[PDB]
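Asker: Could you work out the structure for the sequence below:
(one chain, ligands or ions: 1)
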Amino acid sequence: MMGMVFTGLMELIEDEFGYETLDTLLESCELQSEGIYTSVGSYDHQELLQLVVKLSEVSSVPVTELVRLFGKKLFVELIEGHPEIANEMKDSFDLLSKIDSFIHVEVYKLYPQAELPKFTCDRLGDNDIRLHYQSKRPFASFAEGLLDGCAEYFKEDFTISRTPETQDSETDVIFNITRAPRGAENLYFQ
Ligand code: HEM
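Answerer: Numbers count the residues shown, from 1 in each chain. This is the structure:
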């Protein structure tokens, strides 16, 4: 949803940086009518990168710290945004189970402009989960922002890691998600 992420971007720059700063951003892309068309249109990916680059120059904000804050705000926007989308879900682990089975099936059927990659889930056990992600445009900071944001609304603490074998390789990325020890504090026995 390129239209929906545009709405999220306008709210974030105006509220935390200013309206004058917000005005400079709208000049880099340039308006045409008002600026807020609501979520219903789809723009290119270069459109997203062009405003992102202006952010690193107009406010001097790093592209990695900006991508982290961005993921947190938009994800919690969808949670309170759709009560039946969070009602059907029962937990974060269950989220991974139908993250593409039904959540991205409704999105895909709705508008065909969106394009998604491939996702395969392997389950090593109860505290071990592996996710395979095949895409030619893999940004780890982007995916982590979305998974941790989810654990932000639920209020939890999971750890998302990565493996160094494909750590610096595109197309194939291996992620390891584990549950950090919690619940009292049992190291082992005594
Ligand atoms: C944290 C949970 C979810 C994960 C892990 C996830 C992740 C992703 C990823 C990785 C993509 C595309 C990334 C890329 O190709 O660069 C994507 C795009 C998208 N997701 Fe999700 N998604 C999740 C939940 C949701 C939810 C809740 C919905 C909304 C009901 C949803 C709707 C979409 C849409 C509309 C796109 C397409 C955006 C675009 O085309 O640029 N996602 N999702």
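Asker: Disregarding residues adjacent in the polypeptide, which is nearest to residue 72?
Answerer: Nearest non-adjacent residue to residue 72, counting by C-beta to C-beta, 6 or more residues apart in numbering: residue 149, 4.5 Å away. No exception for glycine: its C-beta is placed from N, CA and C like everyone else's.
Asker: ok, now which ones touch the one you found?
Answerer: 71-72, 74-76 (C-beta atoms under 8 Å, 6 or more residues apart in numbering).
Asker: Any part of the helix or strand harbouring it near the ligand?
Answerer: Using DSSP states H and E, residue 149 maps to helix 140-154. Yes. If you take C-beta under 6 Å from any ligand atom as the test, helix 140-154 does meet the ligand, through 143, 146-147, 150.
Asker: Please write out the alpha-carbon positions of that helix in CSV.
Answerer: Taking only C-alpha atoms (Å, rounded to 0.1, in the frame of the first residue of the first chain), the coordinates of helix 140-154 have been written out as CSV:
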residue,chain,number,x,y,z
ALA,A,140,17.0,-6.3,7.3
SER,A,141,16.4,-3.0,9.1
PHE,A,142,13.0,-2.9,7.3
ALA,A,143,11.8,-6.4,8.3
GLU,A,144,13.0,-6.0,11.9
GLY,A,145,11.1,-2.8,12.2
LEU,A,146,7.9,-4.6,11.3
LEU,A,147,8.4,-7.7,13.6
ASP,A,148,9.5,-5.7,16.6
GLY,A,149,6.7,-3.2,16.1
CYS,A,150,4.3,-6.1,16.5
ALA,A,151,5.9,-7.1,19.8
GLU,A,152,5.5,-3.4,20.7
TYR,A,153,1.7,-3.4,20.8
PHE,A,154,1.7,-6.9,22.5
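Asker: tell me the angle the helix or strand just after it makes with helix 140-154.
Answerer: For helix 140-154, the following helix or strand on the C-terminal side (DSSP H and E) is strand 158-162. Using axes from the mean of the first three to the mean of the last three C-alpha atoms, to 10 degrees, the direction of strand 158-162 lies 170 degrees away from that of helix 140-154.
Asker: tell me which strands and helices strand 158-162 is in contact with?
Answerer: Packing partners of strand 158-162 (3 or more C-beta pairs under 8 Å, 6 or more residues apart in numbering; DSSP states H and E): helix 140-154, strand 171-179.
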